[PDB]
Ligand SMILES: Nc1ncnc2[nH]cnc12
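Below you will find one chain, with nothing else, as structure tokens; this is the form deposited without the named molecule, and questions on how it binds or moves follow later.
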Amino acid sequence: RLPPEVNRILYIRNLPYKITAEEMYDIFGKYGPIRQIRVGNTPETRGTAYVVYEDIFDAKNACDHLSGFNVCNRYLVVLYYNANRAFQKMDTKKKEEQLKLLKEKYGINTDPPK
């Protein structure tokens, strides 16, 4: 029984640059079957990632437990995915089009984070 903002996709910030695929699976996979992980690999995205769970209840669990999580000298910031936030970096026009397309086609919530 769970809040509308919870989601299988977790956005992660303050991630060490050196972190390996195996370590990502280790850390996140503890809470259950991982669908896929995407790690930022450009100047503007490094230090961030999206982790995707197969099941939403595992994702709630990971999200409840992993924010503030110490790996290396760092404390991870982990948030539920939010399309509005996710497409921030697009200029005012393109963001509007992209959001309208995901809502039309997939029915995803398109408002900014609650």
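Note that residue numbering follows the sequence shown and begins at 1.
Comparing average C-alpha B factors as deposited, tell me which of 94-102 and 9-17 sits higher.
Taking the mean B-factor of the alpha carbons in each, 94-102 is higher.
Would you mind comparing 84-92 and 31-39 for me and telling me which has the higher average C-alpha temperature factor in the entry?
If you average the C-alpha B-factors of 84-92 and of 31-39, the larger mean comes out for 84-92.
Between 77, 59, 51, 71, which carries the biggest CA temperature factor in the record?
Max CA B-factor in the entry, restricted to 77, 59, 51, 71: 71.
What follows is about the form deposited with the named molecule bound, which we do not show.
Tell me the stretch among 75-83, 23-31, 36-44, 51-59 that has any heavy atom within 4.5 angstroms of the named molecule in the deposited complex.
Selected range: 75-83.
Report yes if any heavy atom of residue 70 sits within 4.5 Å of a heavy atom of the named molecule in the deposited complex; otherwise report no.
No.
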